[PDB]
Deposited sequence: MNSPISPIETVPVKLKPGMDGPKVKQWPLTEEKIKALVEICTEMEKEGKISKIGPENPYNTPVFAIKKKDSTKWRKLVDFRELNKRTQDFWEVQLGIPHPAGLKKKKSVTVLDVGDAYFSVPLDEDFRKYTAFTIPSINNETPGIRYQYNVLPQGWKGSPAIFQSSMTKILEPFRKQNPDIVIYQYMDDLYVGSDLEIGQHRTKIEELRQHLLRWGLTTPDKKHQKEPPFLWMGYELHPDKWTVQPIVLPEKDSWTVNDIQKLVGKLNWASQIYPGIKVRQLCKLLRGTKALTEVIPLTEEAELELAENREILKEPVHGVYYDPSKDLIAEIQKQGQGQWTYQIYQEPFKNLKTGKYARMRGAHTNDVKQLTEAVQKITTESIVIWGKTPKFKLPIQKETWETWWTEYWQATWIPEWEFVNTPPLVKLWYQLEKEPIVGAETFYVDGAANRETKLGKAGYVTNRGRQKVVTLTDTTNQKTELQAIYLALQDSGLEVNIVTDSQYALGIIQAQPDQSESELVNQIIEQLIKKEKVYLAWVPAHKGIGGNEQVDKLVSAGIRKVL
C-alpha cells in the first residue's frame, strides 16, 4: 500500500504540554507474538519505523483476536494534541443531490495509512511491544503515517484529499465529486462509456498521490445503501423500515420506534410521533414495559398505514424553483413537503414544538416556515416559495398588531383545512354598557395559600380561596373568575402584567389548564376588553379588591 508524496500538515501539542509517557502493561506471550508479526509487516510497508531508547515518549498497545488486531490507546496523546478544524458543518442530504446520468462510488483503501504524518510529530506516537514478563527492553516503534484512533487523522486525511482532487476538479468542471470520510461520490451527465473512462482517469490521478481505489469489477454501483438511505439513479428513499409487533413495549422499544418513525418522516408524509413520545416521559427503566394509550395505539396504526406502501423522493433541478407546503396535523403537530414539480417531493418532514408555555397556531406556523427556510438554505442554497393554510388577511392582522418583528418570505394561501386562524381578539377601547370587573390575586409565600377575587361597578363581588398556589396562579384565577360570572361583554381591570402579557398574545393552547380554561371563556365571549393599572398605588377599584384578597393572606 502506497504512502502518498503529499506535503505533511504541521501538527503541534497543546500549549504548555509535553507528549505522552504512559507505561506499557505486561502482555501475554500470544499477544506479544501477534504484535511482533503485525508490526514487522507494517514496518516493511513503511507505516511504522523502529526507534532508539532516546525517544522518551510512550502510548500503550493491546492485541485482540481467527486474526489478531493491534489496538493503540491514544487517550493521552489525544488529550495533548492541538484542536483541529471541525471537518464538516453537516452531512450531504440525498434531496440536495443533482440528478446525474451516470454515478459511481469510490472508497479509499487504507485511507489513514496512505497519508504521511508531520516528521516533527512522529516522535509523540511512540509505542513499545513488551518483552516476555518485561525482562529485556521492548521493541520500540513510531508512526510515519496517520495512526488510527489519533485526534488529527480525520482532519489531515480530508484536507489531503481536498488538495489532491483540486487539480482534477479544475480540469473537469462538468464532473461532481462529493467528499465524505473515505468515500468519493462521482457524478456526471456523460454516457456510461466516457464516464467509466473518466473514473479511471480520476483513479489514475489518485494513484499518482498514493491513493488506492477499487477497479471497474469491485467499485460500487446503484442502488447505493448509505447512511440509512437507498439511492437509485432517478430517485431516493430511506432504508427498509419495519415496525415490530409487540405484546409488551419497553422504554427501549418505544425509543427504537420513535427513531425509526423520525427517520421515515424525511420522505413519508404524515408521520406523527407525539403520542408515542409522551409515553417516554417519567424516567422509567429501559426494560420497563410501557402500556400503550388509546391515542398511542391510534398514532402507531396511522403510521403503519403510511409506511404500508413504499414512498420515494426525487433529486434537485437547480433551474426550477422550490415549493414548500405545510399542513396543520393536529395539536402542535405540523407536516411539510418540499417539491419542484407538483406533488413529486424532494423531501418531507415534520415540526412540533413548544417555543414557550402559551402559544397559538399563527406563531407555530411562522416557526415552521423559519425552520423549513433554514433547512432549504442548507440543502439547496435557496429559500422555498411557501403555500400556507392561512389567509393573507389573518396573517396581515396578526403581524400588524403583534409586538414582535415577524416575517414570512413570499407565500401564497392554499385552502387545505384545518385552516390557521385567531380564535378571539381583545377590544381596542373600553366597552359601553358592559360590567367593569376589578380583579386581584394574592398568595402568602410562607403557607402557599391564596385568594382570588373581583369587585365590580355594578355592586357584584366574590372571593375564592386556593391552597397550593402562587401570586401568578391567583392573578390568572381572578381573571378566570371574572370571565365565568360576567356574560358575553366585559371589561377587566388587572394589576398583573404577567396575565396581560399572556392574554394579549391571543394564545389558543397552553401547558397550563388555567390558561386553557381562560381561553375557552375568551372564545365564547362576544367582546372582552382587558386593561392594566399600577399595583398598591391607591387606584380606585383596584384598592377595594386589594384589601379583599389581602384579608388573611397579606
Fill in: Deposited residues without C-alpha coordinates, grouped into stretches that follow sequence order
1 to 2, 68 to 71, 561 to 563
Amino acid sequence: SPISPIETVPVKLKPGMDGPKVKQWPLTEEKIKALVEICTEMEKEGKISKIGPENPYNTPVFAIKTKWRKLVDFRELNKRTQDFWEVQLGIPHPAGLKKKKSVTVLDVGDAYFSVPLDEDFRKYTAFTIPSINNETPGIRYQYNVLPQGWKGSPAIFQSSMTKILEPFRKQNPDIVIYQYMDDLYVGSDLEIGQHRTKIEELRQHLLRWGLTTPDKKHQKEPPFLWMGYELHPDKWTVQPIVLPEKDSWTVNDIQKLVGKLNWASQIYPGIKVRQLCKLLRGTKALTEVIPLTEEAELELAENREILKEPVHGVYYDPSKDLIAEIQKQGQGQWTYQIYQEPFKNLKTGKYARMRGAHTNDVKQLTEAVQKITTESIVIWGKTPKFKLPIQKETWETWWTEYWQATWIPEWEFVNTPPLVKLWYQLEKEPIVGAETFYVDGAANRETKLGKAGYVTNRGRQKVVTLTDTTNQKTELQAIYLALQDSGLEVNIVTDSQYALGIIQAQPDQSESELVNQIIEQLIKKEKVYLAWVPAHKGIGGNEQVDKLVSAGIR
From here on, numbers count along this sequence of modelled residues.
Response to the item:
Higher of the two mean Cα B-factors (192 to 200, 447 to 455; per PDB record) comes from 192 to 200
Practice prompt. Please work out which of 422 to 430 and 358 to 366 has the higher mean CA B-factor as recorded in the PDB entry.
Written response: 422 to 430
Practice prompt. Tell me which of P147, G441, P384, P173 tops the list for C-alpha B factor in the record.
Written response: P173
Worksheet entry | Options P269, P154, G282, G259 - largest CA temperature factor per the record | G282
Practice prompt. Would you mind ranking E412 by its C-alpha B-factor against the rest of the chain and naming the third, lowest, middle or highest?
Written response: lowest
Fill in: Where the record places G52 (Cα B-factor, split into thirds across the chain)
highest
Worksheet, complete the sentence: Among the modelled residues of its chain, the C-alpha B-factor of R304 falls in the third labelled middle
Worksheet item: By the record's CA B-factor, is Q239 among the lowest, middle or highest third of residues in the chain?
Response: middle
Practice prompt. Would you mind ranking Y498 by its C-alpha B-factor against the rest of the chain and naming the third, lowest, middle or highest?
Written response: lowest
